[PDB]
Every structure is written in C-alpha cells, then in structure tokens.
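First the structure, in the form of structure tokens, and then the observations on it.
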Amino acid sequence: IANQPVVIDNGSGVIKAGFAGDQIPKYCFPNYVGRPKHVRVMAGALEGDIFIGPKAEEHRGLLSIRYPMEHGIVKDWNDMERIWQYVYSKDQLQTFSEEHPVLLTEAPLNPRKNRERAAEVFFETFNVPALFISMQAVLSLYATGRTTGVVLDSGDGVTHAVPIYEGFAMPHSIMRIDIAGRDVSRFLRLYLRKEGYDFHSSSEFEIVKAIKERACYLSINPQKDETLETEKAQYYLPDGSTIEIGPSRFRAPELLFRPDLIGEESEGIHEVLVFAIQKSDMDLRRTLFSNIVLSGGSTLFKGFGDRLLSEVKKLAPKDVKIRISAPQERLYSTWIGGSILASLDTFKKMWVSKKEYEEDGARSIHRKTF
Amino acid sequence: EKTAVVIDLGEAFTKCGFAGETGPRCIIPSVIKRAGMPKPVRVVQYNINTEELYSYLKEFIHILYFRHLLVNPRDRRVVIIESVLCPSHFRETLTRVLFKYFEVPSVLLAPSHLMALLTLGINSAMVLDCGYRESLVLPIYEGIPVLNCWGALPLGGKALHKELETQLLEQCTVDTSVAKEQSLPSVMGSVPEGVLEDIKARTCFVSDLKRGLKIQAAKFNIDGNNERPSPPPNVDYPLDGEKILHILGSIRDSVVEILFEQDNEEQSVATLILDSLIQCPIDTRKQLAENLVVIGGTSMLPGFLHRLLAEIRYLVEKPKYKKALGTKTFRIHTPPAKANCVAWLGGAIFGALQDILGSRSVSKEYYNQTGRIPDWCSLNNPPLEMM
Amino acid sequence: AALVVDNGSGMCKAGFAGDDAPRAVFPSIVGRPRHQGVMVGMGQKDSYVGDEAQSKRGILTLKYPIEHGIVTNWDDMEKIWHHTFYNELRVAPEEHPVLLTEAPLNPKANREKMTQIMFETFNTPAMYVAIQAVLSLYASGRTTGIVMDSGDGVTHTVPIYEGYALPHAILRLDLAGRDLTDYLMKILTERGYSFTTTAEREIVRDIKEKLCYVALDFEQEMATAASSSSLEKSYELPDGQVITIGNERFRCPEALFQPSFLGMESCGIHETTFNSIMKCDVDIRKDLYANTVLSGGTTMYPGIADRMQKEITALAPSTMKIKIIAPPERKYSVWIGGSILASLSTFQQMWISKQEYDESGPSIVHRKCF
Ligand SMILES: Nc1ncnc2c1ncn2[C@@H]1O[C@H](COP(=O)(O)OP(=O)(O)NP(=O)(O)O)[C@@H](O)[C@H]1O
Ligand SMILES: Nc1ncnc2c1ncn2[C@@H]1O[C@H](COP(=O)(O)OP(=O)(O)O)[C@@H](O)[C@H]1O
C-alpha cells in the first residue's frame with residue numbers, strides 16, 4: 001500500500017509516534033499503563049482500568065504506574081498491545097494499521113523470542129500490511145547525515161555504543177550495559193531519602209524523575225563541589241510544597257562515570273565508548289575519535305559533554321583530535337532517523353509483507369533484520 | 001578498659017543501657033520534658049532546625065548521662081545506627097553536640113543489621129528489621145552488606161495509630177461518666193496515642209491467613225460474599241476519664257490487616273524479602289532463601305509470624321516470584337534474645353571489640369581537625385588513616 | 001626432592017617431583033570485594049585466592065593475572081605462588097628446587113621477570129623453565145611426534161622428531177578456552193538466559209564443561225538439532241532456576257575448527273597441525289601423521305578426536321595413515337611430564353642455582369632455554 005509509513009520509537013521511557021512525512025514526532029507520551037492504586041470492585045469509581053499518556057497525567061495521584069518494558073525488554077505483552085492500540089487510536093494519529101506500514105526501533109542484542117513475539121503481535125493482533133525492525137544506532141547516523149561515526153546512545157532503559165565506519169557496523173566492537181537513565185532515577189530516590197525526603201509511592205517515582213530532568217548538573221571536579229557548601233536549590237511540587245535538593249543534585253549522576261562507588265559491576269559510560277573504539281582496526285581508531293555522536297535522552301544532563309570529553313581524553317591516545325558532535329535534538333534523533341529511512345526508496349525492498357510472514361514463518365524477521 | 005554504650009533509636013527508643021549483656025535496658029521512652037513546653041516533646045525529628053535540636057540533645061544527653069545511667073562519659077562512647085540512611089543531620093549534629101559540649105574523647109558508629117548477625121554466629125543474610133518507621137530489608141552477605149538490594153515500608157506501627165484512631169472512632173459507644181452513649185467524636189476530638197497504644201499493645205493480633213482473608217472479605221462483602229467469621233467477644237476498655245471505651249472484638253482482628261493488604265500496590269509487608277531476592281545474586285540466594293533473620297519490636301505482634309510466613313510462602317507461588325526464583329524453603333533463625341534486643345546486644349558484644357575498637361573508630365582528633373566523619377554517601381571520605 | 005609448578009592461566013597444578021598426580025590443584029584467580037564506605041563485618045580478607053574466591057563469587061571481583069599465557073599483574077601472580085608454596089603445598093621455597101612451564105613463542109620479558117622473582121623474592125636454591133609441549137612427550141614416553149597442547153590462554157602446535165624440535169614449524173594461536181566461554185555467554189543471551197557479571201561468567205564456564213560436545217558434521221548436527229528436541233538438556237543453577245541450553249550446546253566448540261564465528265581471521269586448530277607438518281621436513285611428515293598427540297584440558301570435549309580425525313585425513317594424503325594419540329589423562333599430561341623430567345637423574349645438571357643467577361644475571365635464562 002502507497003500510504004505513508006508510521007514511525008514508532010520503542011523507548012522504555014517515552015514512546016515517540018508519527019509518519020515518515022513528519023519532520024518531528026508529533027506524539028510523545030510515557031511508556032507505562034496507569035491503574036487505580038485501590039483495587040476497585042464497586043461502581044462509581046475510575047472506569048476502564050487503563051490510563052495512557054495525558055489520561056495518566058490527569059489522574060496521576062489516583063493511579064499506580066507499571067512500566068511493561070525494562071532494559072529494552074517487554075515483560076507484560078498485554079499492556080504493550082494496549083499502548084500500541086493507543087498509538088492506533090482516535091486520540092493519537094487516528095489512522096488504520098491495515099492501511100499504513102510501520103517502522104520499529106528494537107534495542108541491540110535482545111533475545112530472539114522478544115523480536116519474534118513483537119513481530120507476531122503486529123501481524124496477528126494488528127493486521128499490518130508490512131513491518132520492518134531497524135537498529136537505533138544506524139537511524140541516529142541518518143538523522144545526523146553522516147555514514148561514518150561512533151554512536152553513544154544513552155537511553156532510559158539501555159546504554160550501548162556501536163562504532164560504524166562508511167555504513168559498516170562492527171558487530172564484535174558493540175558493547176551494551178543495563179545501567180541507564182532509569183537506574184540514575186532509582187539511585188537519586190535513594191540519595192533523596194538520605195537527604196530526608198521519602199518517595200514511597202510509584203507516582204512519587206515520577207517526581208524523582210522530574211527533579212533529575214529539572215535540576216541535575218555533572219561537576220568537572222566532584223571533590224571541590226562536595227567540599228563547597230551548596231545553595232540548596234528548592235524544587236516546587238504540583239501541591240505547592242518545596243524540596244531542598246542540595247548536594248544530591250550533582251553527586252547522584254556520578255555513578256554513570258563511576259558505578260563502582262555504589263557497587264555495580266560495570267565498566268562505566270566513558271569506558272564503554274573508549275573500549276568500543278579500541279576493538280576496531282588501527283587505521284579507523286583515529287577517525288572514530290575525530291567523529292563521535294551523542295544520542296539518547298540521558299545526554300541532556302547539564303555539563304555532560306564537558307565531563308565526558310575530559311574522561312575520554314585521559315583514556316584516549318596522546319596528540320589525537322577528539323570531536324564529540326552533539327545535536328540540539330538528541331532526545332528526538334532516533335525517530336527522525338526512522339522517518340528519513342522510511343522516506344528513502346531503498347526501504348521499499350527492506351520491509352517484509354504480511355503474506356510473506358504467513359508463508360515463510362517467524363524466522364523471516366531474523367534474516368531481514370540486517 | 002571500660003566498655004560501652006547503648007543508644008535509643010526508634011521503637012528502640014526505649015533502649016538505654018550500657019554494656020556487656022548485663023545492662024539495664026533502661027526505659028526511656030524518649031522525650032523531654034521541658035517545662036515550658038507542652039509535654040512531652042519528642043526530640044528524636046529530621047528536618048529540624050538544628051538549633052532546636054542542638055539544644056535538645058544537649059539537654060537529653062546531658063540528662064541521660066546526668067542521671068539516668070551512671071555513665072562517666074569521658075570513657076565510653078558508642079553510637080548505633082539504626083537507621084545507613086540517617087541524613088547527615090543529625091548526625092552531624094550529634095556529633096557536634098559532642099565534640100564540644102560533650103568533650104568526647106574516638107567513636108565507632110555501626111548499623112543494626114550488622115549488629116544483627118552477631119548473635120546467631122551467622123555471618124550471612126537476610127535481615128529484616130522492623131520497628132518505628134520505616135521498615136528495612138537488607139540482605140547482609142557475609143561480610144558486605146549489600147545495599148544494592150535495599151528495601152523500605154512504613155510502618156512499622158506508627159501508622160497503626162491512624163488506623164486505630166479511625167477505627168476506634170468507627171465504632172462507637174463510649175459509655176460516658178453520665179451513663180450516656182456518646183459519640184466519640186464528640187466527647188473527644190482525639191484519642192491520645194498513649195491510648196491508642198495501649199489499646200494496641202495489648203489488643204491487636206495477627207490471624208491465620210485462611211481467615212485472615214475472610215477478614216478481608218468483610219471489606220469485601222461482595223455481592224454478599226462475606227465470609228468474615230464471628231468476631232471474638234467484645235471488650236470494655238476501661239478508658240481513662242472514667243469513661244469506658246467499648247471495643248468490638250472485631251477490631252483486634254482488623255487492625256492488623258493493614259500490614260497485610262494487597263492493593264494495586266504490591267503486598268509489600270510480605271515481600272520485601274521477595275522483592276529483594278530477585279535482586280540478589282544468584283549465586284547467593286541459596287543462602288538467602290532459607291536463612292532469614294527478623295529483629296525489631298514490631299515482631300512481637302502475635303501471630304505475626306505465622307502469617308507471615310505463610311504469606312510469604314504463599315507468595316512464593318505467585319508466578320511472579322516463582323517463575324522467577326524456583327522454589328525453596330525458608331527457615332527462621334532466631335535468637336532467644338528478644339526482637340528488640342538484638343541491637344542492643346550486638347552493642348554489648350562490642351565491648352569485646354576494644355582492641356579493634358579504637359581502630360575502627362573515627363578519631364576524636366580527626367574530628368577535631370576536620371571534623372569530618374565519613375559517610376558512605378560522600379564523595380570525600382578522607383582516608384581517616386592518614387592520621 | 002623437587003617441586004613441579006605449572007603456571008596455567010586457568011588452573012595451577014603444583015606437587016613434588018616423582019608423584020603421579022598434582023598434590024594442589026586450584027584456579028589461578030584473585031578475588032577482591034566490591035566494598036563501599038559502609039562498615040563490613042569481621043573475618044574479612046582484603047584479597048581472596050583460589051577456592052575462597054570461587055566460594056564468595058557474589059561480592060568478589062575475579063581478575064585472572066595471566067591473559068593469553070602472559071602475566072599482566074605480577075604482584076597478584078606472586079600471591080598465587082605464595083598461596084601455592086606456604087598454604088597449599090605446606091613447603092618453604094628455600095628447601096626444594098622449582099620446575100616451571102612456559103608456552104612457546106612467549107614474550108622474552110616473562111622469563112626475565114620470572115627468574116628474578118623466584119631467586120630474589122622466594123630465594124629458591126635453583127629454578128628451571130621447560131616448554132609445556134616438550135614435557136607432554138615424557139608423559140607419553142615418545143621422542144617423535146607433534147603435540148596440540150590447547151590451554152585456557154593460547155593454543156600452540158610444536159612438532160619434535162626423535163627429541164629434536166623444529167623451531168620454524170612452531171605455530172601459536174590466541175584462540176583458547178577463555179574466548180569460547182565469552183562466545184557461549186553471548187549466544188545464550190540471544191536464546192534468553194542473560195549472563196553479564198564475572199560471577200555469572202564462571203557459572204557459564206561450569207555449564208560449558210558439563211553439556212558442550214564436538215559434532216562430527218556441524219551442518220547435519222545443527223539440521224538434526226533444529227528438527228528434533230532430543231539433544232536439548234536442562235541444567236540446574238546454584239539458584240533453584242533451571243535452564244535449557246538447546247542447539248547452542250555443541251555450537252560453542254565449533255569455533256576451534258571454524259574461528260570465523262568468533263572473528264579471529266585465522267586457520268582452525270586442525271589446519272594449524274597440517275600447516276606445521278608442511279613446514280616440517282618431507283621425510284619425518286609420515287611419523288608426525290602417525291603420532292599426532294592432543295594435550296591440555298581444552299581437548300576434553302566429547303568427540304573432538306572424531307572431528308579431528310576426519311578434518312586432518314581430508315587435508316593429509318590419501319595413501320598416508322593418520323593416527324591421533326588421545327590418552328584418558330590429557331589434563332595433567334604436561335605436569336606428569338614435569339614430574340618424570342624432574343625425577344630423571346640427567347635433569348639434575350640442568351638446574352640454574354642462585355649462585356649462577358648472581359654471577360650471570362637474569363639473562364642466564366635466555367642462554368639456557370634451548
Ligand atoms: N570436559 C570438558 N568439556 C568442555 N570443556 C572443557 C572440559 N574440560 C576442560 N574444558 C575447557 O578447557 C579449559 C582448560 O582446561 P583445564 O582443565 O583448565 O586444563 P588446564 O591445563 O588447567 N588449562 P591451563 O589453565 O592453561 O593450564 C577449561 O577452562 C574449559 O573451558
Ligand atoms: N532534560 C533531561 N535532563 C536529564 N535527564 C533527562 C532529561 N530528559 C530526559 N532525561 C532522562 O532520559 C530519559 C529519556 O530517555 P529516552 O531518550 O526517551 O530513551 P529512548 O531512546 O529509549 O526513547 C528520561 O526518562 C530521563 O531519565
């Protein structure tokens with residue numbers, strides 16, 4: 001069918017929907033289902049027992065948030081189908097899944113059952129004309145508009161670094177760590193309890209995320225900011241109450257670059273970037289240092305690029321040019337990439353028809369993936 | 001050398017005593033008792049102008065020492081943490097009040113969950129420590145306690161008072177001094193905590209699960225499906241004021257069902273151990289399942305533990321933890337010393353610790369020089385050993 | 001009175017000369033705990049070694065001091081020898097002379113530092129380094145024939161004729177047991193069962209040793225494995241959790257015969273033996289075909305000999321008879337050779353004394369190699 005493809009970014013945090021014709025994702029809402037906290041047996045209460053996006057925002061205090069996706073993996077498929085049904089609703093986009101094809105953004109190095117089951121849903125639950133899963137790192141390069149470049153995509157669920165040269169992705173140099181934006185929010189909630197502010201409810205977890213997104217700076221020298229007395233910047237809640245964040249503001253995200261401090265067995269965000277480049281051939285290493293691209297939402301932290309550049313410079317070889325070319329629209333880069341890829345005439349060959357899936361089987365999705 | 005001191009810390013506020021195991025456990029509930037104040041005042045508040053606190057610890061400390069225990073404080077110093085999560089005040093303040101008011105000649109500070117295993121001879125996990133608020137579950141490994149699998153709930157029992165004030169008010173006859181049946185509210189706008197407590201102290205108990213659930217069915221009388229059994233017999237509580245508070249036998253039964261409701265909320269009184277085992281290394285779950293330790297005054301609530309375990313075991317069959325963990329038993333390790341007592345003892349134990357104690361201790365000097373005491377949560381813990 | 005101490009990257013086999021089997025066999029690993037600023041309990045060792053590090057996997061970070069048969073951390077290596085001599089063997093290094101083992105074509109720095117430590121740190125009366133491949137011939141009592149001593153670090157093929165080595169015919173490959181473990185972790189994660197941490201890596205290695213076997217026909221075995229679920233076996237983890245390895249069971253050991261899977265860009269272990277024989281003299285090739293020995297613990301995979309026989313026979317001439325020598329005790333074949341050589345009265349002259357070291361220097365080891 002000639003009808004314009006619908007790009008959907010499968011973000012653990014916020015799902016970004018829209019058509020390949022669109023310059024930006026129009027529809028961006030949190031990737032969770034909101035149910036009432038109290039188990040409602042009686043009538044005259046909140047009906048439907050499903051609140052998605054602005055409906056969840058309206059009844060935020062009343063509902064209980066449960067994310068169906070953890071570290072880019074779907075735990076509850078029934079909830080994810082309802083979310084994808086909300087993508088093809090009257091509220092958002094308002095179009096037939098039978099008419100328009102879809103472009104998905106699956107995380108790298110996921111289990112094969114997760115990929116096969118995800119495809120099954122869009123062919124069995126939804127009667128999609130055509131489906132194509134694409135790599136998040138590759139799409140970012142289409143968005144930026146360069147073939148060569150290292151893509152450090154730090155998301156909410158997963159952080160992964162893929163080195164690609166002249167449109168060739170080295171599968172052996174790819175590194176994936178589960179310590180992402182979601183974990184920093186969990187660690188900040190722990191630090192805020194150490195400041196004396198409890199966030200017991202699942203609804204209060206969103207306010208910890210809101211605090212992080214509003215006020216969270218990465219210090220160049222952590223010892224000087226630790227020694228220096230803080231201003232104790234107050235944050236205002238919807239109710240009107242104030243919270244004094246203080247030193248917890250900057251000493252929380254430190255675990256991204258130093259996860260050994262809390263006691264998490266990982267390399268670190270600056271380490272995974274350097275190692276991923278070191279795996280590549282000696283000829284390309286210099287070109288990869290000179291061409292680094294930041295992607296994902298967990299790069300929007302204040303003074304992120306300044307700290308990262310310093311940490312990479314010390315590990316990287318001496319007298320080498322290190323250029324970290326960050327776009328202004330890092331958060332929305334992945335979807336824009338998908339829109340560009342879908343817009344290309346080459347995509348026409350890339351996607352697999354519903355009829356081909358019915359005849360061939362499940363294996364079809366694996367062979368066409370790359 | 002003279003050993004040692006033990007500090008109030010929560011349900012624990014009543015735990016004043018000194019080492020070794022023979023000490024009195026002097027009951028201080030702890031308040032001031034300041035004359036111009038409404039009394040008492042609980043001086044034990046976070047988020048308090050520290051000054052207010054300053055003057056309070058000064059006075060308490062002075063008091064406890066002053067009178068309460070023979071102390072001759074310059075020779076024995078111990079602070080137990082029953083908190084890991086204490087914010088830096090007031091610890092800063094506690095030290096601060098030492099330190100100069102109270103010249104303190106090195107102090108070791110230590111957590112309850114470590115002082116917990118001291119008694120069973122176990123160096124391994126799980127420790128659940130429940131008492132005044134906020135309940136903590138913390139697997140302790142041999143050796144490192146592992147925070148990463150860190151869990152916490154109310155209550156423990158502070159909220160039982162709303163549940164009880166409320167319910168007392170939702171029952172309602174007081175037989176007043178004028179032989180009139182009157183509303184509780186309004187003869188009284190409130191029920192002082194000491195009443196509430198007393199009532200609780202002796203009246204609340206935890207039911208067996210098959211019927212703990214019929215109690216739940218009272219709430220939920222669904223379409224008449226109620227199978228909440230007859231309650232026990234009613235009680236005339238004598239109430240002070242020469243009032244009588246009649247109590248239904250049915251409240252004893254309900255209050256305790258807070259601990260255990262399952263909303264759209266997880267039934268967490270009951271997990272904790274389950275949400276952490278899924279977090280813990282597989283290579284150690286083998287010890288953690290099976291080897292469980294429960295300390296804290298609130299587990300003196302009878303029948304608590306019955307259910308508790310049934311519940312947990314119950315829950316082990318919810319697929320969600322089941323498929324996740326596979327199964328096995330749980331066995332309780334328990335001291336003979338009482339639940340409240342284990343922190344206290346593991347404070348006594350610590351006098352044994354004297355060869356070590358002054359070493360793993362934070363120096364007075366240092367503190368005089370920086371005054372910095374390390375926190376696990378600080379980017380500068382100095383290496384104290386530089387001194 | 002003398003000691004045999006094999007310095008394997010995986011396992012340390014130590015004992016007295018003349019003994020049948022090694023007295024002390026433990027993993028060559030150092031486990032340091034991920035300790036935070038929070039107070040720890042009593043009976044806490046700063047650095048655990050061997051069985052203790054294997055028992056406390058949960059908290060301890062396990063770091064192998066030997067990488068590809070090269071000692072990266074010498075300070076930790078000394079702690080392995082210290083535990084071996086004083087604790088495991090219960091013997092002073094001053095009393096008995098120590099026989100050591102080296103891989104062929106190793107960095108010269110290893111022998112230089114090795115001899116310095118034993119004579120200076122441990123103050124041993126004498127020390128002699130031997131080639132692992134040469135020792136394995138003493139275990140089999142064969143002067144002629146090639147050996148494929150495949151370890152955890154590296155694999156090497158050294159052809160020796162009538163007790164005379166052909167140095168030009170020696171071939172070294174970095175592909176070894178440790179790389180196979182990392183490959184197995186990746187493909188198990190694709191199946192669903194995720195293993196990331198250092199402790200989990202060791203658990204996957206224990207799983208590998210039990211299930212994994214070599215297929216005679218790779219394509220036919222995978223085709224049959226795809227069809228029927230008879231090869232699929234279950235494994236019980238330390239936790240109650242049980243796993244089904246499936247087709248990946250026999251897929252791991254294939255990398256030895258086809259390194260392209262791991263991405264080594266090298267010839268297979270069967271091709272290395274053939275290539276070495278081709279570099280050898282034309283006359284002695286017949287005897288090398290007749291005496292192809294398999295040594296080390298990396299050749300303990302069920303049916304490796306059957307696959308080797310087929311592949312070598314295909315490469316070798318049709319008229320030539322190819323005989324593979326695979327004794328039941330291959331694992332301890334290198335150490336047994338050391339025990340036999342150390343026991344031999346002729347070897348008594350070959351020892352380098354402390355006096356000889358002091359007079360000559362550390363360069364004496366390079367002169368008395370071969
Ligand atoms: N029965 C088996 N099945 C599958 N793999 C095995 C088996 N036995 C050994 N291995 C593999 O071979 C590797 C090394 O064998 P091992 O038994 O450690 O001999 P080794 O001589 O100690 N190696 P090294 O440490 O270099 O001396 C192990 O780490 C396993 O990966
Ligand atoms: N301005 C911001 N400052 C700091 N952190 C942010 C900011 N915006 C988003 N984040 C973090 O990044 C997450 C968004 O991740 P996102 O880029 O949507 O992931 P994905 O690529 O999987 O869609 C949020 O949940 C939050 O944790």
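We name chains A, B, ... following the order of the structure tokens; residues begin at 1 in each chain, and ligands are numbered from 1 as shown.
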
All residues having an atom within 8 Å of ligand 2 (only C-alpha atoms and all ligand atoms) as a JSON list (two decimals) with N, CA, C and O atoms, in the first residue's frame:
```json
[["chain", "number", "residue", "atom", "x", "y", "z"],
["A", 9, "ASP", "N", 9.09, 4.85, 17.81],
["A", 9, "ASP", "CA", 10.32, 4.64, 18.61],
["A", 9, "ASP", "C", 9.95, 3.87, 19.88],
["A", 9, "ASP", "O", 9.16, 4.41, 20.68],
["A", 10, "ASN", "N", 10.48, 2.66, 20.05],
["A", 10, "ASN", "CA", 10.15, 1.74, 21.17],
["A", 10, "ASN", "C", 11.03, 2.11, 22.37],
["A", 10, "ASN", "O", 11.87, 1.28, 22.78],
["A", 11, "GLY", "N", 10.84, 3.32, 22.90],
["A", 11, "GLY", "CA", 11.58, 3.85, 24.06],
["A", 11, "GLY", "C", 10.95, 3.37, 25.36],
["A", 11, "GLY", "O", 9.72, 3.55, 25.51],
["A", 12, "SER", "N", 11.75, 2.78, 26.25],
["A", 12, "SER", "CA", 11.35, 2.31, 27.60],
["A", 12, "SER", "C", 10.71, 3.46, 28.40],
["A", 12, "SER", "O", 9.75, 3.19, 29.15],
["A", 13, "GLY", "N", 11.22, 4.68, 28.23],
["A", 13, "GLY", "CA", 10.73, 5.89, 28.92],
["A", 13, "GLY", "C", 9.47, 6.44, 28.26],
["A", 13, "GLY", "O", 8.39, 6.32, 28.87],
["A", 14, "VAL", "N", 9.61, 7.02, 27.06],
["A", 14, "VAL", "CA", 8.53, 7.72, 26.31],
["A", 14, "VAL", "C", 8.48, 7.14, 24.89],
["A", 14, "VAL", "O", 9.56, 7.07, 24.26],
["A", 15, "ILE", "N", 7.30, 6.75, 24.41],
["A", 15, "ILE", "CA", 7.07, 6.26, 23.02],
["A", 15, "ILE", "C", 6.84, 7.48, 22.12],
["A", 15, "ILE", "O", 6.02, 8.35, 22.49],
["A", 16, "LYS", "N", 7.56, 7.55, 20.99],
["A", 16, "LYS", "CA", 7.51, 8.66, 20.01],
["A", 16, "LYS", "C", 6.92, 8.11, 18.70],
["A", 16, "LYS", "O", 7.59, 7.27, 18.08],
["A", 72, "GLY", "N", 14.86, -2.35, 27.79],
["A", 72, "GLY", "CA", 14.54, -2.57, 26.37],
["A", 72, "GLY", "C", 13.95, -3.95, 26.09],
["A", 72, "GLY", "O", 14.04, -4.39, 24.93],
["A", 153, "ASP", "N", 24.59, 6.00, 22.38],
["A", 153, "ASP", "CA", 23.13, 6.18, 22.59],
["A", 153, "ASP", "C", 22.78, 5.78, 24.02],
["A", 153, "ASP", "O", 22.56, 4.58, 24.27],
["A", 154, "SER", "N", 22.74, 6.76, 24.93],
["A", 154, "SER", "CA", 22.43, 6.59, 26.37],
["A", 154, "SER", "C", 20.94, 6.84, 26.61],
["A", 154, "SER", "O", 20.56, 8.02, 26.76],
["A", 155, "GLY", "N", 20.14, 5.77, 26.62],
["A", 155, "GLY", "CA", 18.67, 5.82, 26.78],
["A", 155, "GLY", "C", 18.25, 5.75, 28.24],
["A", 155, "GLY", "O", 19.14, 5.86, 29.11],
["A", 156, "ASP", "N", 16.96, 5.58, 28.49],
["A", 156, "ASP", "CA", 16.38, 5.44, 29.86],
["A", 156, "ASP", "C", 16.58, 3.99, 30.33],
["A", 156, "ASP", "O", 16.95, 3.80, 31.51],
["A", 157, "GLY", "N", 16.34, 3.01, 29.45],
["A", 157, "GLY", "CA", 16.41, 1.57, 29.74],
["A", 157, "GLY", "C", 17.80, 0.99, 29.54],
["A", 157, "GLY", "O", 18.26, 0.25, 30.43],
["A", 158, "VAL", "N", 18.44, 1.32, 28.41],
["A", 158, "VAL", "CA", 19.75, 0.72, 27.97],
["A", 158, "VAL", "C", 20.69, 1.82, 27.47],
["A", 158, "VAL", "O", 20.19, 2.78, 26.85],
["A", 180, "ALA", "N", 21.32, 2.59, 32.95],
["A", 180, "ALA", "CA", 20.79, 3.67, 32.08],
["A", 180, "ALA", "C", 20.03, 4.69, 32.92],
["A", 180, "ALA", "O", 20.03, 4.55, 34.17],
["A", 181, "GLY", "N", 19.40, 5.68, 32.27],
["A", 181, "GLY", "CA", 18.64, 6.78, 32.90],
["A", 181, "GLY", "C", 17.71, 6.32, 34.01],
["A", 181, "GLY", "O", 17.61, 7.04, 35.02],
["A", 182, "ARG", "N", 17.06, 5.16, 33.84],
["A", 182, "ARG", "CA", 16.11, 4.58, 34.83],
["A", 182, "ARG", "C", 16.82, 4.31, 36.16],
["A", 182, "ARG", "O", 16.20, 4.52, 37.21],
["A", 184, "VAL", "N", 19.60, 5.84, 37.35],
["A", 184, "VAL", "CA", 20.01, 7.14, 37.96],
["A", 184, "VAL", "C", 18.84, 7.67, 38.79],
["A", 184, "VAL", "O", 19.09, 8.19, 39.90],
["A", 185, "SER", "N", 17.61, 7.56, 38.28],
["A", 185, "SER", "CA", 16.35, 7.95, 38.97],
["A", 185, "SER", "C", 16.18, 7.11, 40.24],
["A", 185, "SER", "O", 15.78, 7.69, 41.27],
["A", 209, "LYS", "N", 12.08, 11.56, 38.95],
["A", 209, "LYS", "CA", 12.46, 11.73, 37.51],
["A", 209, "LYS", "C", 12.35, 13.20, 37.12],
["A", 209, "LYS", "O", 13.25, 13.68, 36.39],
["A", 212, "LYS", "N", 15.30, 15.22, 38.63],
["A", 212, "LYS", "CA", 16.52, 14.88, 37.84],
["A", 212, "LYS", "C", 16.54, 15.71, 36.55],
["A", 212, "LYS", "O", 17.57, 16.35, 36.27],
["A", 213, "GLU", "N", 15.43, 15.68, 35.80],
["A", 213, "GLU", "CA", 15.26, 16.35, 34.48],
["A", 213, "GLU", "C", 15.38, 17.87, 34.63],
["A", 213, "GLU", "O", 15.94, 18.50, 33.71],
["A", 214, "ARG", "N", 14.89, 18.44, 35.74],
["A", 214, "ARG", "CA", 14.89, 19.90, 36.02],
["A", 214, "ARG", "C", 16.28, 20.33, 36.51],
["A", 214, "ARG", "O", 16.89, 21.19, 35.85],
["A", 215, "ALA", "N", 16.74, 19.74, 37.62],
["A", 215, "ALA", "CA", 17.98, 20.13, 38.35],
["A", 215, "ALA", "C", 18.88, 18.90, 38.56],
["A", 215, "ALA", "O", 18.60, 18.12, 39.48],
["A", 216, "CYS", "N", 19.91, 18.76, 37.72],
["A", 216, "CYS", "CA", 20.94, 17.69, 37.78],
["A", 216, "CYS", "C", 22.14, 18.10, 36.91],
["A", 216, "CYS", "O", 22.03, 18.02, 35.67],
["A", 295, "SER", "N", 23.79, 10.31, 21.36],
["A", 295, "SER", "CA", 22.35, 10.02, 21.12],
["A", 295, "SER", "C", 21.68, 9.63, 22.44],
["A", 295, "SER", "O", 22.40, 9.37, 23.43],
["A", 296, "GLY", "N", 20.34, 9.60, 22.46],
["A", 296, "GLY", "CA", 19.53, 9.23, 23.64],
["A", 296, "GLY", "C", 19.20, 10.43, 24.51],
["A", 296, "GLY", "O", 19.69, 11.54, 24.22],
["A", 297, "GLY", "N", 18.40, 10.20, 25.56],
["A", 297, "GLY", "CA", 17.85, 11.24, 26.44],
["A", 297, "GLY", "C", 18.75, 11.54, 27.63],
["A", 297, "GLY", "O", 18.67, 12.68, 28.14],
["A", 298, "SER", "N", 19.60, 10.59, 28.04],
["A", 298, "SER", "CA", 20.48, 10.69, 29.24],
["A", 298, "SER", "C", 21.79, 11.41, 28.90],
["A", 298, "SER", "O", 22.78, 11.21, 29.64],
["A", 299, "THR", "N", 21.81, 12.20, 27.82],
["A", 299, "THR", "CA", 22.91, 13.14, 27.45],
["A", 299, "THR", "C", 22.49, 14.60, 27.68],
["A", 299, "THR", "O", 23.36, 15.47, 27.56],
["A", 300, "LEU", "N", 21.21, 14.85, 28.01],
["A", 300, "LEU", "CA", 20.66, 16.22, 28.22],
["A", 300, "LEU", "C", 21.10, 16.80, 29.58],
["A", 300, "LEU", "O", 20.83, 17.99, 29.80],
["A", 301, "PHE", "N", 21.72, 15.99, 30.45],
["A", 301, "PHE", "CA", 22.29, 16.43, 31.76],
["A", 301, "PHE", "C", 23.23, 17.62, 31.54],
["A", 301, "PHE", "O", 24.01, 17.60, 30.56],
["A", 302, "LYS", "N", 23.16, 18.62, 32.43],
["A", 302, "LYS", "CA", 23.94, 19.89, 32.33],
["A", 302, "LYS", "C", 25.42, 19.57, 32.56],
["A", 302, "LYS", "O", 25.75, 19.01, 33.62],
["A", 330, "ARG", "N", 18.96, 15.60, 20.42],
["A", 330, "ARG", "CA", 19.48, 14.25, 20.75],
["A", 330, "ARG", "C", 18.32, 13.32, 21.14],
["A", 330, "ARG", "O", 18.31, 12.16, 20.68],
["A", 331, "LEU", "N", 17.40, 13.83, 21.97],
["A", 331, "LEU", "CA", 16.25, 13.07, 22.54],
["A", 331, "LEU", "C", 15.36, 12.53, 21.42],
["A", 331, "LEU", "O", 14.89, 11.38, 21.55],
["A", 332, "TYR", "N", 15.15, 13.32, 20.35],
["A", 332, "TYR", "CA", 14.21, 13.02, 19.24],
["A", 332, "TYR", "C", 14.96, 12.57, 17.98],
["A", 332, "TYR", "O", 14.29, 12.44, 16.93],
["A", 334, "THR", "N", 16.52, 9.62, 17.12],
["A", 334, "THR", "CA", 16.24, 8.21, 16.74],
["A", 334, "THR", "C", 14.99, 8.12, 15.84],
["A", 334, "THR", "O", 15.05, 7.40, 14.83]]
```

Might you pull out every residue within 10 Å of segment 74-82 of chain C, with only C-alpha atoms counted and same-chain residues fewer than 6 positions away left off, and present them as a VMD selection string?
chain C and resid 5 7 12 14 26 to 30 47 to 50 63 to 66 88 92 to 93 110 113 to 114 117 to 118 121 to 122

Mind pulling up the distance from atom CA of residue 153 of chain B to atom CA of residue 45 of chain A?
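Interatomic distance here is 27.0 Å.
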
Which neighbours of segment 206-220 of chain B fall inside 10 Å, counting only C-alpha atoms, when residues of the same chain fewer than 6 positions from it are skipped, and could you give them as a PyMOL selection string?
(chain A and resi 41-42) or (chain B and resi 226-231+250+252-257+259-262+301-311+314)

Which of A:4, A:242, A:89, A:266 sits closest to chain C [using only C-alpha atoms]
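Closest to chain C, using only C-alpha atoms: A:266.
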